[PDB]
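We begin with a single chain expressed as structure tokens, specifically the form solved without the ligand.
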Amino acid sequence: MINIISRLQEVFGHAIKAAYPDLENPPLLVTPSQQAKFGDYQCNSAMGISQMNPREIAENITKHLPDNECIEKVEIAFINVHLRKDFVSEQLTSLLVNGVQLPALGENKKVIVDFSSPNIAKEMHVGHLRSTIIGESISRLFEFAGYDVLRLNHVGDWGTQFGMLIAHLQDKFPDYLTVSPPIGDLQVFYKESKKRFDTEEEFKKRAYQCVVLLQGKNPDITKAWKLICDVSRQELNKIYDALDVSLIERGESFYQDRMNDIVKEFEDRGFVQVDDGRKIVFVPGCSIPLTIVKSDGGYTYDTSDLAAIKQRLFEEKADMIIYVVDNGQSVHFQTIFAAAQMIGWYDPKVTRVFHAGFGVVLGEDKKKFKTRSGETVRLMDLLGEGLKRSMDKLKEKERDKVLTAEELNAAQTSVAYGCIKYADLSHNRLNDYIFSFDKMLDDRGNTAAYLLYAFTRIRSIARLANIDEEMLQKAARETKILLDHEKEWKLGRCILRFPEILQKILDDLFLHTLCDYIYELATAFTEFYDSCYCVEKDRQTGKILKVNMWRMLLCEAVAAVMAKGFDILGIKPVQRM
């Protein structure tokens, strides 16, 4: 598809060069209306050109507009732009013939997305769920735009929990050295180890011996750690499979041997002060220092986060690095980023390093999301409850109508996981998020449940008239898509904004504007469908008299874009109802 904003930039750029050839890189400021009053796009360059009058110049640009395919009409009110109908029509044909795609860039820049980040054998909460959903969808956006996307799970696989865990495994399964033991539920095993630590003397000493031996790579210490981490992987993979998430595991352990070099470099450059035996680093604009070495000579999360960002700048040679982490870690990551700058590992004008914040999760009462009480509610409990309530809806009354293959999973899971992903993403990530099954699962308004129904219905209009795929692909090649009726014209122009919308999110990482657009697209479809006959039937007999093929094609163009938006957001359709 064409990005109209980019196309308009070129069209107006030509006009400015022909009207003012001495200006060799003038600002080309194109934005969608802002309606309110008539106009599809606005060009705001006249004011830019003024300082480097406004009305005279606008009209001069206007009168030097080159021949083009997209502009019907222009007015000075700024320069309002109205698109041509034949342009939009042909663009609709093109996406049906060529498929939904963004315009390709000349390079495949490397983008790292860092998201999900569970700490091993500890509880995985709604904060992790957010990071997982937001991160996955950001990764899909960048992949759909032609970037080289590296999805990294920075898993907590090198923390002090492993002393306890390994000491427990030695007692519980002493032949782990020879045969892989049935560890079972990893969360249970942890609380057992934790209890023992809190209530015993020698176990506690042995847990500290185990951390020392794990750091120094004692085989039969590392072995224990691998087996625990393998159990963690199986469990997390159930979660990621269900949510359709792809991640390359790159834990804390990966950067362990690089941390000594980090401390050395910060010292050698004169950036380290000593306080009560702790090594600290002050960073520009920041009141709170990083702490890179503790009193006991141990490294911290500041040390490992510096190791990882340097690895990702130096070894991966990333053009962009995205950290999907809660608003609580904001100051920490700005501090990490400013330390990286200070020491000269990257330049923010050349390499994009970005923290994509998300707000705290609340209950319906507007207080923090907690169990009763007061432990953190698990993901498997949330996903389990969503699957339960999803079924309950289906139970009224989709009983013998649907196969249990196409019901007890397909429909159930689409709606449960789709509404969980969508309710989150449909709100601005930075804000406090209210987790509400009732609101997310509602069949009306802006919900995955509404949109899944809408998609199915849009797809059903051509098939229920006995038009098949071949007829539709044939129609697409030889049919002029008419846009005479106002609701055909609203819908056609709405469809063509998809690349614009995605282009903006590639800059600012606010996926809620994609959910806004998809909802607007669904709404514009329903206004089209309500006001324009797709099939025409006899009032009395209900006999099929005419099929309006171009209007079938409008349905299909909407399906195509919606399907793509769904994919980016992680919503899977199921059509069997």
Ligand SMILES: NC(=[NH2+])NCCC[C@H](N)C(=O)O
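Numbering starts at 1 and runs along the sequence shown.
Just so you know, the form solved in complex with the ligand exists too; it's not on screen, but the next bit is about it.
For the three marked residues, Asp114, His128 and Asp305, a heavy atom of each sits within 4.5 Å of the ligand in the bound PDB entry. Residues placing heavy atoms within 4.5 Å of the ligand in the bound PDB entry fall in a single listed stretch, namely 118-126, out of 290-298, 118-126, 466-474, 389-397.
Distance criterion of 4.5 Å from any heavy atom to the ligand in the bound PDB entry singles out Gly156 from the list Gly357, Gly492, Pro499, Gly156. Only one of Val211, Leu236, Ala224, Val325 comes within 4.5 Å of the ligand in the bound PDB entry through a heavy atom, and that residue is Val325. Interface membership of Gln329, defined by any non-hydrogen atom within 4.5 Å of the ligand in the bound PDB entry, is confirmed. Although the partner is absent here, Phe333 sits close enough that one of its heavy atoms falls within 4.5 Å of the ligand in the bound PDB entry.
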